[PDB]
């Protein structure tokens, strides 16, 4: 089979199609038109976008395909280095850091993060309890405040104090600007053109702001003494069982940058989309709120109670199905192979997995794919293999998945226990694309049920 390809622009090939504010949504529309696979070419680059479970289930075979750094990840590697998310599987520091940090995400470790997650969640609840009559909530803004504070505290015992601020923390301003610059480089035909000198100077400044915070985090800890048993503790003291080695100092700094970014951005999108879908689907909101009231019987949730918020967990997975907030990942062929019995690939050929489109495969989910129905997730064994991939694949899947879902279930459960919510503007979904996806401008009103936190 010859695969289709979207419209071209002479020698720029397909690259101008991604010169848009919303490239993932542009790629979803191409997939809608062209189907389960299309060729995408740019000057000096070829990739193939996959959208069907039929093909992606083959692409997830780790004996045939390994993680590729997309151009986005390659440009982010200029400040995330060989941290876990921007390392190749074959670099020594990938497996070393993977082995050292996996126990920081055990369910036992989650039991230890729980109290600090509650600390920040209570700050969010108190903020909303303290709003005056007919004031409203800026939803992604507050969810980002929460997820940033949670990864700083839980992981590094650093307080960003986001709920004390209107303007984002300087780290965020620089992080956002550095991520946007990295992604802008994709469209630059002549990146050494002097027109980009200011962009380059600004990029170095933003990387320095980020690295200054990492130095502060490391110096604060080395003063305090090893007595926090958190992520930084393992980054500073853990030894890889295979090599016997600890992480070196340069790699630790890259991990701190990696986790501060990865540990907050897509989780804030997930919580924002989950609240969006609940207020748009009030029967679902009512069922989730009934579960919260029944389970969360104490002034703050326990670790076990969060594990018992089954339906809330289903709500989160169904929000990840429609808007997976880390919406793509890239693979390369380890050897010559044939995809789907129809598309021969050579060793080194690249693939992109377009996760939001995979999650709309009607052969898997039925024709009602656009509807919000958490009950699709009642049973993992009823979901075909590789049909649902919001956390990636295989040994390169998200190391933070359980942290993200514990945090999001805790927070959404407390939100549903403590407030009734109103979609007072009849909000029209507008999805902003950065490193992640978020519903821009999403606002609600939250009426307190007046249930105390002490």
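Residue numbers count along the first chain shown, from 1.
Remark: stretch with higher mean C-alpha B factor among 99 to 107 and 275 to 283 is 99 to 107.
The stretch 131 to 139 shows the higher mean C-alpha B-factor when 131 to 139 is compared against 118 to 126 in the entry.
Each of 363, 93, 228, 325 has a CA temperature factor in the record; the biggest one is found at 228. Highest CA B-factor among the listed residues (35, 44, 390, 413): 44. Per the PDB record, residue ranking by Cα B-factor puts residue 25 in the lowest third of the chain. Sorting the modelled residues of the chain by their CA temperature factor places residue 356 in the lowest third.
Annotation for residue 150: CA B-factor lies in the lowest third of the chain's modelled residues. In the PDB entry, residue 439 places in the lowest third of its chain by CA B-factor. Ranked by Cα temperature factor within the chain, residue 269 sits in the lowest third according to the deposited record.
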